[PDB]
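Quick notes on the structure that follows.
All of the numbers you see were taken from the coordinates with simple rules; none came from a lab. Backbone-built Cβ (ideal geometry, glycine too); neighbour counts: all protein chains shown.
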Amino acid sequence: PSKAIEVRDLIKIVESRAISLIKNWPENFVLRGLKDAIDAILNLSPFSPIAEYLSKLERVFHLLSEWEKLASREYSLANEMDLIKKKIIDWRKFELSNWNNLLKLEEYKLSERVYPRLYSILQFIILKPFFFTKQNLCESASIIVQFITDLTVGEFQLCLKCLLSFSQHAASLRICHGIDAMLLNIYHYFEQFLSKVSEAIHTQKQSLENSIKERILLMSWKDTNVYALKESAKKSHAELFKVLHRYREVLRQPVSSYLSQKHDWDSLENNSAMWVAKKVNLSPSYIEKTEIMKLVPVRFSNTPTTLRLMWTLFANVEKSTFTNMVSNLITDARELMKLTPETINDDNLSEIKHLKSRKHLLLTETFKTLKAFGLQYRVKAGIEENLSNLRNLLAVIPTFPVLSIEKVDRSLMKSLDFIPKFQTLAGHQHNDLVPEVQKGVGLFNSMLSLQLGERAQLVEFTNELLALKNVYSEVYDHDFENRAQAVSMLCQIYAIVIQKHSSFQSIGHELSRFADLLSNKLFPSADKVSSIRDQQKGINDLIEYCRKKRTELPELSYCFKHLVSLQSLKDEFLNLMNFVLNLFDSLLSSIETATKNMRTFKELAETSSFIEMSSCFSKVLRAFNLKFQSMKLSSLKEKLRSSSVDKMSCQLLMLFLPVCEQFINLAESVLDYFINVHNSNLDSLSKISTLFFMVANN
């Protein structure tokens, strides 16, 4: 790449030798021609066009072949023509090496033309928000219009990634409220099944790889024909142009053409225990062995039985069933599809009669029991919002802040991908034995409405659990390390200036070793307090050593640097115990709400037709952790401005964080059980809906 300057330098040296040889010899043929050829070389500073300097070197090679083989048998050396021939042979080798992979050029040209359109589109869409809910549905329709409008595979993955990237880049922008959740649902449903388009692009790239291996294996070792390698060159250029048209046709299979799918069949961490009671080693030393931190009875008084009870709260929370019924229904639907798998006349004698009887009975019973037992009929005002208004419906998927939740998100993405076609499959139940397919679109909209209500309830429960997690995880020089980090940047700059010498940098490098402590001056975010005091002692010792550095070395700009661096070197106890009892009461309210509603959705789940189990599940999603967090933030604002009585303060504060952690651990056991049941129910509902749509088709 940059060796073209060296090639021009060798051309200049050889042309200097030849001009010295021909400067006094009169032939009127070699001198001015070779001088003009080298000046055409010397003016040439083109790089990216590899054939530009190669064509300049080719004209110079023609003039030098003239100047060498024509005259000046005593003066011209003619070996430089062979050296330039070897150079052009290496240039052809580099051209063939560039011909080993060349799709990236027009691929980057296409991606450059693509992402600027998406850039201007999101620029309009966000300068709307830069310089509401109806506007959100309007932007949802506009986003669907753009997703249909920018139909370009390859840049389609770049487009879903750009949706995620714009949502991330605008996620810190406070000019919107729920657009992050909207773009989350948008990129999620956008990433429903795009791996099919990815494999299609992979197959197109593999076919183009075979065609290019053909077009480049046809580029063979010429290794001759200096005046006539242009035949093989033009052959490769024509093969490149034809394969460029061929790859344009191969990529011309659209993503709107690839916007289809199919549905034939589908398939679908109960309790986690983890005690952090020993995770402190001082509060565990207290568990291994103070009046101030143990002064009065707060009526809990028994930690070991409570840890066994938290283990039992992890254990007995195993008590999905709708997912079990939907899985049984999917197995029976596969059996009914295999029930008419026999021949034409032989099956329709007796057995396909019973098979079609079971099929039409499953269709009519699906309609009647969908009207009866949950996802009820005789309601279609929400199918206008959900089955219809699908842009505004995908906007209306209220996403949570974000494993099993991610599995449920992918399941909802592919399920909404199917439900858009299934709502579009309204009007085909006459073969299923007419308007019952539109009724099934409405019942799927109702079941998805129940699912989205449970999803917003999961968002609420996840917000309560994240507040509890921040409370349990809320456990001197905080933000005093800002000047430390600035000095660390200055220390890295000083190490770079030590590298910028042109004999003494090793002391700077040792000072860069001192900058390791400056690296330690960004590090930690008991004996860590001693580590912080040691970092401050090293800071003082280095401020001395910076004076020692710029004193011993001249280091004048560094002396001004160290000058600016050394410049920039710069009662409520029993009330809290009653507040601890009241925060235990508010946490007991949280736990009693979650646990009672979970027992109602667990043991008495049978007294439901997809409703009362779901009602107790949303009631457990209405766990009163925000009241727990209310009393906890009350005691937190209490202890925050409060004075430090070390006979009560630090280890018991760490333990109150860890008692909240153990409560959150049993909560996360029950929550992972519920999230597993919810993800399983959503996925088995999607699989049963795929089987029901297959029964509706046949």
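Would you compute the Debye intensity of the chain from its alpha-carbon atoms alone, equal scatterers and no solvent, and pass along log10 I(q)/I(0) at q = 0.05, 0.10, 0.11 Å⁻¹ to two decimals?
-0.49, -1.14, -1.21
Which of the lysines could a cross-linker bridge to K69, judged by Cα under 16 Å and excluding same-chain residues fewer than eight apart?
Straight-distance partners of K69: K85.
If you place +1 on the Cβ of every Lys and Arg and -1 on the Cβ of every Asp and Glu, how big does the dipole about the Cα centre of region 101-201 come out, in debye to the nearest 20?
On the way: 9 positive and 9 negative charges, 51 e Å.
The calculation lands at about 240 debye.
Using the crude model of +1 on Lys and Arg Cβ and -1 on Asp and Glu Cβ, and no other charge, please compute the dipole size for the chain relative to its Cα centre, in debye to 20.
Details: 87 positive and 78 negative charges, 216 e Å.
Its charge dipole is roughly 1040 debye.
Measure off 7 Å from each Cα along the Cα-to-Cβ vector at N575 and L466, then give the distance between these two points in nanometres to one decimal.
3.4 nm
Mind ranking 684-696, 153-165, 245-257 by how tightly packed they are, going by the mean number of other C-beta atoms within 10 angstrom, highest first? Write out the running numbers ahead of the final one.
Numbers: 684-696: 22.2, 153-165: 19.3, 245-257: 14.4.
Sorting 684-696, 153-165, 245-257 by mean packing, highest first, produces 684-696, 153-165, 245-257.
Hey, if you put +1 on the Cβ of every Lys and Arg and -1 on every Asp and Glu Cβ in the chain, which of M413, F130, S167 ends up farthest toward the positive end of that dipole?
It is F130.
Distance check, please: which entries in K134/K687; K86/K234; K537/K637; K87/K234 exceed 31 angstrom between their Cα atoms?
Over 31 Å apart, Cα to Cα: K134/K687; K537/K637.
Treat every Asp and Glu Cβ in region 137-263 as -1 and every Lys and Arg Cβ as +1, leave all other atoms uncharged, and give the resulting dipole magnitude about the Cα centre to the nearest 20 debye.
Values: 15 positive and 12 negative charges, 105 e Å.
It comes to approximately 500 debye.
Within a Cβ distance under 13 Å of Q505, other residues only, what is the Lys/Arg minus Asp/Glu net charge? Mind dumping the intermediate values first?
Values: positive: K500, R513, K549; negative: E510, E555.
Result for the neighbourhood of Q505: +1.
Would you mind giving the three semi-axes, in whole Å and largest first, of the ellipsoid equivalent to region 148-283 according to its Cα gyration tensor?
Rounded to whole Å, the semi-axes are 49, 23, 19.
Mind checking which of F663, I688, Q651 is farthest towards the positive end of region 635-694's charge dipole, using Cβ charges of +1 (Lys, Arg) and -1 (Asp, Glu) about the Cα centre?
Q651
What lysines sit close enough to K647 to cross-link, taking a C-alpha to C-alpha distance under 16 Å and skipping anything fewer than 8 places away on the same chain?
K289, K294, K639
Using only the Cα atoms, work out Rg/Rh for region 260-377, with Rh taken as the Kirkwood radius, to two decimals.
Rounded to two decimals, Rg/Rh equals 1.39.
Shape verdict for region 433-473, please, from the Cα gyration tensor: rounded (a/c under 1.5), prolate (a/b greater than b/c) or oblate.
Prolate, since a/c reaches 1.5 and a/b exceeds b/c.
Straight-line reach from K278: which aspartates and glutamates have a Cα under 16 Å away, not including same-chain ones fewer than 8 places off?
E288, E661
Tell me the relative contact order for region 578-698 as a rounded percent, counting alpha carbon contacts under 8 Å between residues six or more apart. Walk me through the numbers before you get to the answer.
Details: 72 pairs, mean separation 32.0, N = 121.
That works out to 26 percent.
So what's the Cα pair-distance distribution over region 615-664, bin width 10 Å, in %?
Result returned by the calculation: 22, 42, 24, 10, 3.
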